[PDB]
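To start, the structure under review is shown below, and the notes come after it.
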Number of protein chains: 4
Amino acid sequence: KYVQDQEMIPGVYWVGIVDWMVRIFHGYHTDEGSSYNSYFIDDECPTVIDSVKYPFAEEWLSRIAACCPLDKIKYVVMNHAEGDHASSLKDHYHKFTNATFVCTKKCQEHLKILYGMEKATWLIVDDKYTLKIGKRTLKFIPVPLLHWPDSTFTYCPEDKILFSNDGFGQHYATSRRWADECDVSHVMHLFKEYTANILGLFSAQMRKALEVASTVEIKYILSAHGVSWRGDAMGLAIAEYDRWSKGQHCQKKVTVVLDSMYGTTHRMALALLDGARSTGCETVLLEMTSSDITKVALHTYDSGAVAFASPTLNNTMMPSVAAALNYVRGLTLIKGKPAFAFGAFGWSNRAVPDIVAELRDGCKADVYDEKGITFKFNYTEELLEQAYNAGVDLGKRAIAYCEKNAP
Amino acid sequence: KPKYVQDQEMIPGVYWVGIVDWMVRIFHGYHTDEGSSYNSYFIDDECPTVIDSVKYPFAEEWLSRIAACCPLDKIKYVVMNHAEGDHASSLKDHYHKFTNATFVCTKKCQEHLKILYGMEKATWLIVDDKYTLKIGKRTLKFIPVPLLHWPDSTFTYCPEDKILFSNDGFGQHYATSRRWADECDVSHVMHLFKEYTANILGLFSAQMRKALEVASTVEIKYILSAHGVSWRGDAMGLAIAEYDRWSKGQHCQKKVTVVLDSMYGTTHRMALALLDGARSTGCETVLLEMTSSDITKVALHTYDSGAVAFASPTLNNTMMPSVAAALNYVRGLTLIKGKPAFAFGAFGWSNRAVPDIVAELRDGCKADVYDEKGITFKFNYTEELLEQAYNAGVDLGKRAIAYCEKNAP
Amino acid sequence: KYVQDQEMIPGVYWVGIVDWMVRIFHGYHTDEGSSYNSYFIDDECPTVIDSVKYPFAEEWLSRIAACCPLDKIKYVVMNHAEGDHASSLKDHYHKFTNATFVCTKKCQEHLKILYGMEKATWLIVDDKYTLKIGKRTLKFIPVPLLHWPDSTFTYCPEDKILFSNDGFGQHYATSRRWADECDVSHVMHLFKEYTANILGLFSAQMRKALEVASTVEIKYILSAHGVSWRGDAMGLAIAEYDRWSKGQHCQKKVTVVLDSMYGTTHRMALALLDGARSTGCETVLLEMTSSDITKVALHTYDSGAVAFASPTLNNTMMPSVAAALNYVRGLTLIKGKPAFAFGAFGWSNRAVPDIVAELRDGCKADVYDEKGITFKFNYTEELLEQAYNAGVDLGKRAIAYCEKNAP
Amino acid sequence: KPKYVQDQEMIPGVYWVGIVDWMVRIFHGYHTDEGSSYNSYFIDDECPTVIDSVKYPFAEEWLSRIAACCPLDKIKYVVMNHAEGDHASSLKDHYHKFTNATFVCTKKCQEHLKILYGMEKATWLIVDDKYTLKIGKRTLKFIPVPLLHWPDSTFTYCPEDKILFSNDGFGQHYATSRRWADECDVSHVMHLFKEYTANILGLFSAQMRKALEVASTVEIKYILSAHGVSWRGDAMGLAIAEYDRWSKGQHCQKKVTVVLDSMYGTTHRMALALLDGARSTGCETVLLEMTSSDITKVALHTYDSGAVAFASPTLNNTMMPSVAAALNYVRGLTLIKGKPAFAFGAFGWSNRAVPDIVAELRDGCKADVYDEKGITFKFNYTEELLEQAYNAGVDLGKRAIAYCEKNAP
Ligand SMILES: Cc1cc2nc3c(=O)[nH]c(=O)nc-3n(C[C@H](O)[C@H](O)[C@H](O)COP(=O)(O)O)c2cc1C
Ligand SMILES: Cc1cc2nc3c(=O)[nH]c(=O)nc-3n(C[C@H](O)[C@H](O)[C@H](O)COP(=O)(O)O)c2cc1C
Ligand SMILES: Cc1cc2nc3c(=O)[nH]c(=O)nc-3n(C[C@H](O)[C@H](O)[C@H](O)COP(=O)(O)O)c2cc1C
Ligand SMILES: Cc1cc2nc3c(=O)[nH]c(=O)nc-3n(C[C@H](O)[C@H](O)[C@H](O)COP(=O)(O)O)c2cc1C
């Protein structure tokens, strides 16, 4: 015995791993690590839900074996073929001598392409298939493009458990298995960060999945990342997804994202920020030299209005701002939102036009003022006052936006 | 005068005129992952008064905020609680701008301000713990808190408005547009409040006991700190309660933290087995590996652990440099003094890291090093070794629970 | 005495500062720090050439004072108004009680806007003005947009010194003042990095400035960054600028720039790399998770061909690759060069089309194969062979490009 | 079989089948700013032979390169010089793929390979310094180099082709498509060759003396290393000459390095004055501040300095944790043993960092701590203090020059 068995509810065990050390994960800055949660269901047909990424294969296998001999597992349910939940299967899928791998057709296709699994036995399920595992039954809820074509939730009607896989997840390494055992506001913070960064462009798919969830009874949501959900905290998590899925998740908040070389665009950004704050909005300033794209997604996600700024560098915007806009564009996080642009230049104003074009045509933001504010080389008190006034207007627009899109 | 700052009246006649340091990430070696702020306050009274200054890069912003409230030549008093650069260094170049002001501080603070910053032509008013400064409707009192955390450290108290200007006290390195804890997630503010305590104040519990004793003697409705958000109502009660428990050594949790570094991951795998053992007792368990952590987080977690473990493979006849740094830091801050502490690690040919860690835990940190052998092994772990690690963790977890029971609030 | 006087040639003293600690400088990764070199000319009219960035004002003033009382300086020549050479003047320009600030009209304009300097005495020079300073005279060579509109070189005909300011510079912190006292190949390395990152888009302006330099005699080039140049090493530095200015600076070299989340685009990149290597080219692989835009500029600068790769992330390329392309585009470093693109996708191939468009229309590279190589989810031996073959073709194209554009 | 690797014949019948690790940036705590490679070699002879393996993540690439030269079932010998994971860990999962191979190594290497990696069904041939392995036209000899840098470390020598397969020996953490030093900037390769020596081998000069003695007895035309580029001709002469000087303690330069950390920059400014003093003597001077440097660079520079200084302000009654790490690392590597060493630093109320640095330099590093007082000051420097620092630097520079003269090659 060198693992602790962790029964979370009667007959359902956490057999995942905590990734204490991960700091960059597919470009997400996981400042608090993550976990790859897998579950063991102690029933007539002993069942494993999901796997883990491949450096942790032996730890995963050890926790399963502590519950049930690997050769007595009957079913391994795979919700999603992504490596963080999957990749252990490439070299380890055989240790489940007598198991059937249970998944949808699209999941089975991706698993084979990724990891091979040439000798595996399959059971291909769908949204009408009911799988008897003894006392319990399992249903399968395809959630295509939430966030992959193969994404699935597994639902146990008897215990009222949703195995939501990436759904309801947070990149959060902890020894606690439930949200309510932590600071719930901290878990909700990471839950929103996960939503912004991974799910941002899939609000429509979320509406569909929440609609399905609303037709069944759920007392527990066991996610594949971070902590799991029950009772009141579970209510909060569901409500946040619900508002987000309807575009009702924004706050009276302005975020300014920028980079700067000699600090003048930064000083203007501070004056604009005070203007926005004067309207009663929360204001956040994110400078790419001290921030990252993961935080840009987090804050733009629930901002009522945004500003992006850069001085002109080599006839365009700074690369860090190009990265941030690419990321926000891909994730659709500012679509329809008031968006302002400003920046210094030395001889030819190019960054601001480029930012404006990207916000308007790329992000489909509400670029209400295409001129923005530009200045040659240095600010002055009058320019600071102009930035402040633009901030007042931006904060007013954020408040009006939130009212228009209110929950 | 063009308007480019928002006036921020926090309570009647008291304005925030500080700055938010959005970008700072390393601050005297503190990993300020969430930035900080240098809070300064303007009191609108018959003698217009400024409390504290800010770090020199932000001087013009600070002066701009003050001038929006009152012309600089009409400021009568600038009260300085602390001479450290983050609240003071703008005075070097800029103090002359307060044409008519007198700088008000204790003798120790004046000595330090002059050595650091010059202020050769400044007008001073030297105060002590018996001085009442009249500023109009309000008066101000001064509470020296020496070595909380500098010899010059002071609090300023206003009896009429029940305000404690606590300077570094009650601070958190937290950049936000919010001025009050209750406007934020209070649990998040408390997390950073604890990180600040662990990293800046850790060795000063006796001085905190003294300071809390004095504060207990007067009514406080507001604590306006010089870093991060300020305190009122219920949230203020929480902040005070944490300092009180910590000053008495009653701040610990049923929690085990393992701090380590590893080169090929075998010391890491043994750490995981130990952690599960500890978790089985009902303790929270945190693993901090120095390649993905930092000394600021080491201080945070060791602060409120009931027990700790430190681990390293042998590298060149000693422990890994990252673990030496973590131990230096923890020793200086006294965070694990008296606490159950365990050590383990791999070696190739000569076991040196674990003996060196044990000696440092026992003689440097003055931890409760109950097992001076620890667990060592050559090159690789086995299932038997993982089991031994797990069992050592169970015992460590039990010792953490015992330590907390003995020191309970 | 707490500074060492550093006479570099008779009557000419280094009075700059070494910035040992700087690691990020206007977005340039200065892994080896930098220096802001200023010079004191001991003549009848004691003269200072350039200033320094503003945290180092007192150290600069101290080294000058060690040579000559600050109130006995007659001239302060300013080549360039950028903060790294300038910004000390804002709060310190007055310490030169009896000095005249000598610069071109555009330099004077930028200095005032930046730093104020309201009480300063000016002498506005131009490309025909000769300034007597005693034994020596100074001439002024405007080098507009090398790299700023105000950029200037100062030339002393008697001593045959070119004070080239940013010209001939390298971000290199050392106690050595001359290239030949270091490892010259190391200095040339940083010299090329500086060229790629700061001067990349100004080859035309470099041809003009080298033409002017070719009309006068230069024994020493005293730069404002890093080490200075004489004799043989000086010949190397001049020759590299000359080739670069004519587009003759490329090597038989292929650089592949990419990011990857799960490593399949990375494995394909390795096979492509071996294909290019087989043709006799040097091959460099730069992965954005372990590289930076400064290194991307360095390597694309002298590559004969390039490849950019990314899997599809949220219907576009990864943000780090968007940043790299923005930067390379701004700097014009791959204009006209063979350029290939490839990458994995899960369901909709978008990164490769976006990379192709950016390379073709943005960078104006020679995108000879717009399809590139794309694959769903995972490589296979046949796909690796396809990547290898594309690499052979890319390396052949790099060699043909170098031959076409040969020195 | 699809073709997706280039065969890379380095010399007649000897092929590079290693991997270039383009992305590695931290390697067992070494800051590998330029990546590395794990070089393995295939010898085309009557008994097809592989020298060394690679780190497990790169196993399939390594096997692909080998298979392009020879089917895996036709490999007769796999020679293992060293059991460390970077050259060996692919064997854990993959060793069975060499169906017909015998693993050839010393007894110590076999013991370590089995403990690390299992290899339960492997066929072994245990060799020693008197064994000649016939592989066809060629024979192979084995040169144990214990503690250069592991107990199992070995070189393999081919007498017919005059090849030394030196494994970690002569290595550099350098990722490049070039296989030979002379195809690169040789000065750059030598820089990294020195960084490798300083960081990996620093404490093993005696073992290097032994190894060079043995190598001197045979003719070597090629040194094929397991990291970075390999050596031939003139460049090979340079590499050998550096190891020779270093093994004899003759590797130092007229060079002073100052290693420090600072919180508010006054210790930093004094460092600059000291550095100018040192520079005035004709020494090169390098300043390394831990917030912008790393222990790998500290090792690099202290390696070939004739004198050093270490500095820190007092933080919580001791030196800054970053400086404790740098000293731990330097102590373990023995890089400043016998070298003139100076200490200085600011303090606020109680001078603790400088005494702690002096004790560590003197008793831990066994440096020549000629002035145990150093320079300390409260809070801030003055022109007089800068002058004192400058003078201490002049003296340190003179002592560096003297140390180099005494130890000259
Ligand atoms: C390396 C560098 C490149 C620049 N390239 C351009 C350019 O292409 N066009 C332009 O108008 N200004 C250019 N500038 C001028 C900047 O836009 C100008 O310095 C501005 O004031 C910087 O704003 P900031 O203080 O926010 O960094 C450049 C400046 C630097 C330092
Ligand atoms: C560069 C390096 C230096 C080492 N130095 C020592 C040493 O001085 N003494 C020792 O007993 N083992 C030494 N070792 C062996 C390690 O302690 C051994 O590899 C251990 O198993 C590593 O533990 P880990 O897997 O947790 O990294 C060294 C290993 C490396 C990689
Ligand atoms: C967070 C994430 C988002 C993705 N978004 C898309 C997408 O928008 N379109 C697509 O075709 N594939 C998408 N993919 C699939 C990747 O392109 C696919 O996993 C690919 O194989 C990764 O290549 P790599 O191994 O080089 O990282 C996404 C994958 C992840 C992990
Ligand atoms: C957080 C912190 C902790 C300190 N702890 C001590 C201490 O334990 N003893 C002491 O004498 N000075 C202490 N000091 C004072 C510093 O040593 C003093 O500020 C010194 O001038 C800093 O040097 P520097 O400018 O090189 O950073 C401390 C300062 C700070 C900022």
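Order of listing sets the numbers, starting from 1, for every ligand and every atom in it. Chain identifiers are assigned alphabetically (A, B, ...) following the order of the sequence lines, protein sequences preceding nucleic acid strands; residue numbering begins at 1 within each chain. All values below come from the heavy atoms of this structure, side chains included, with hydrogens, waters and symmetry mates left out.
- Counting only distance, with no hydrogens or angles, the side chain of C:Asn197 and the backbone of C:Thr294 share a donor-acceptor pair below 3.5 Å.
- Atoms of ligand 3 lying under 4.0 Å from at least one heavy atom of C:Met261, given by number and element, are 24 (P), 27 (O), 29 (C), 30 (C).
- An N or O contact shorter than 3.5 Å is missing between A:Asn349 and ligand 1 by distance.
- Remark: the A:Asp354 side chain and the A:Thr316 side chain contain an N/O donor-acceptor pair separated by less than 3.5 Å.
- Using modelled atom types and a 3.5 Å distance limit, the side chains of A:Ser34 and A:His171 yield a donor-acceptor pair.
- Within a 6.0 Å radius of CZ in A:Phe25, other residues, nucleotides and ligands contribute more than 12 heavy atoms.
- Of all protein heavy atoms, the one closest to atom 17 (O) of ligand 3 is C:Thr312 O, 2.8 Å.
- The closest approach between any non-hydrogen atom of C:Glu82 and ligand 1 is below 4.0 Å.
- Among the atoms of C:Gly263, some N or O lies under 3.5 angstrom from an N or O of ligand 3.
- Less than 4.0 angstrom separates some heavy atom of D:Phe347 from each of these atoms of ligand 4: 11 (O), 17 (O).
- Separation of the C:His26 and A:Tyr262 ring centroids does not fall under the 6.0 Å cut-off.
- Among the atoms of C:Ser348, some N or O lies under 3.5 angstrom from an N or O of ligand 3.
- The protein heavy-atom contact nearest to atom 22 (C) of ligand 3 is C:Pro311 CB, 3.6 Å.
- Checked against the 6.0 Å centroid criterion, the rings of B:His112 and D:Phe379 qualify as a close aromatic pair.
- Among protein heavy atoms, the minimum distance from atom 20 (C) of ligand 1 is reached at A:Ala344 CB, 3.7 Å.
- Rounding to the nearest 0.5 angstrom, the gap separating the CG atom in C:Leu270 from the OH atom in C:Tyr379 is 9.5 Å.
- Ring geometry, C:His147 versus C:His80: the interplanar angle exceeds 60°, so the pair is classed perpendicular (tilted spans 30 to 60°).
- Atom 5 (N) of ligand 4 has as its closest protein heavy atom D:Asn316 N, 3.2 Å.
- Ligand-side atoms of ligand 3 in range of C:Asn315: 7 (C), 8 (O), range being under 4.0 angstrom from any heavy atom.
- For an aromatic pair to be called close, the ring centres must be under 6.0 Å apart, and C:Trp148 with C:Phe202 fails this.
- Close N/O approach between A:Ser260 and ligand 1 is found [any backbone or side-chain N/O within under 3.5 Å].
- The protein heavy atom nearest to atom 21 (O) of ligand 4 is D:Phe379 O, 3.1 Å.
- Every N/O-N/O distance between B:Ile200 and ligand 4 stays at or above 3.5 Å.
- Of the protein's heavy atoms, A:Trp347 CZ2, 3.2 Å lies nearest to atom 7 (C) of ligand 1.
- Checking only distances, D:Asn380 never comes within under 3.5 Å of ligand 4, N or O to N or O.
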- [ ] Begin with the C-alpha distance, continue with both residues' side-chain angles, and end with the deciding distance and a verdict on side-chain hydrogen bond (donor to acceptor under 3.5 Å, both in side chains) for A:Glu287 and A:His266.
- [x] CA-CA 8 Å; A:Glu287 192 137 327; A:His266 179 88; 2.7 Å; yes
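- Ranking the protein heavy atoms by distance from atom 3 (C) of ligand 3 puts C:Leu313 CD1, 3.4 Å first.
- If you check which protein heavy atom lies closest to atom 12 (N) of ligand 4, you get D:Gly348 N, 3.2 Å.
- Each of the following atoms of ligand 4 lies closer than 4.0 Å to a heavy atom of D:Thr266: 23 (O), 24 (P), 25 (O), 26 (O).
- Checked by atom type, the side-chain pair A:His225/A:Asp84 shows a donor-acceptor distance below 3.5 Å.
- Of the protein's non-hydrogen atoms, the one nearest atom 29 (C) of ligand 4 is B:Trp150 NE1, 3.4 Å.
- The shortest N or O to N or O distance between A:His147 and ligand 3 is not below 3.5 Å.
- Judged purely by distance below 3.5 Å, without hydrogens or angles, the side chains of D:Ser312 and D:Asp261 never pair a donor atom with an acceptor atom.
- Donor-acceptor pairing under 3.5 Å is recorded for the side chains of C:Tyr194 and C:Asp166.
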